[PDB]
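Below is one structure, written out as structure tokens; the observations come after it.
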Amino acid sequence: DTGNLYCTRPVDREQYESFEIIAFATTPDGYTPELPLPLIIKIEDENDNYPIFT
Amino acid sequence: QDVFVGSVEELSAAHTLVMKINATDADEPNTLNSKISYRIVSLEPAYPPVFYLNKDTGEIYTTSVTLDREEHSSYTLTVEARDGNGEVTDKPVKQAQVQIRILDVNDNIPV
């Protein structure tokens, strides 16, 4: 009823840098009164890999 | 089948198998010429999403939902089947019905 996006669990920057989600609005009789908006969820990085000796 | 048929009881769980479906191909088994891909291409009622079709194993499950007779009882789905790497023709092809009913249980005690 509002369009609040949520993410559902944690995710690793290691392997994921972006997802390619698309938002589209509809009525209860199937009618499409808005064009789709692609939005890129960017993943952001923290220092979570250890340094390791050679 | 023209009409595949299915049913379950009330509050059969979320992400849980409801039924299976099948098609056959005339090219040699276990090849690209005959690998069968499955999709849904009409639903009734079309809101909310209520179910899912697996492309490879051809099973139909519910989504994140529990289904109740007392909230809605009877669903109809139109599926399609095609082969090869997923390049659609400009020519028309056959489609199939799936019908799925939620059964009533005595969950409710009389007030």
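How things are named: the first chain in the structure tokens is A, the next is B, and so on; residues count from 1 in each chain; ligands count from 1 in the order shown.
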
- Item | Interface list for chain B, partner chain A, 9 Å threshold, only C-alpha atoms, as number ranges by chain | B: 46-48

Written selection (N, CA, C and O atoms) as a PDB file, in the first residue's frame:
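Result file is out-v4.pdb:
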```pdb
ATOM      1  N   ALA B  46      -5.741 -12.731 -10.273  1.00  0.00           N
ATOM      2  CA  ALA B  46      -4.408 -12.250 -10.536  1.00  0.00           C
ATOM      3  C   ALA B  46      -3.715 -11.356  -9.507  1.00  0.00           C
ATOM      4  O   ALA B  46      -2.703 -10.709  -9.778  1.00  0.00           O
ATOM      5  N   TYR B  47      -4.273 -11.250  -8.303  1.00  0.00           N
ATOM      6  CA  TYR B  47      -3.757 -10.515  -7.169  1.00  0.00           C
ATOM      7  C   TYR B  47      -4.429 -10.965  -5.879  1.00  0.00           C
ATOM      8  O   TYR B  47      -5.647 -10.953  -5.717  1.00  0.00           O
ATOM      9  N   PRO B  48      -3.628 -11.355  -4.880  1.00  0.00           N
ATOM     10  CA  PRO B  48      -2.178 -11.387  -4.833  1.00  0.00           C
ATOM     11  C   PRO B  48      -1.548 -12.555  -5.574  1.00  0.00           C
ATOM     12  O   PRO B  48      -2.280 -13.494  -5.901  1.00  0.00           O
TER      13      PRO B  48
END
```

- Give me the residues within 10 Å of residue 44 (chain A) as a list in words, counting only C-alpha atoms and dropping any in the same chain fewer than 6 places off. residues 11, 12, 13, 14, 16, 17 and 18 of chain A

- Query: Skipping near chain neighbours, those fewer than 2 positions away, what residues fall within 8 Å of region 88-102 of chain B using only C-alpha atoms, listed as a PyMOL selection string?
  - Reply: chain B and resi 1-10+67-69+72-81+86+104

- Message: To one decimal place in Å, what is the distance between CA of residue 41 (chain B) and CA of residue 20 (chain A)?
- Response: 23.1 Å

- Message: Using Å and a single decimal, report how far CA of residue 34 (chain A) sits from CA of residue 3 (chain A).
- Response: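 So the answer is 12.7 Å.
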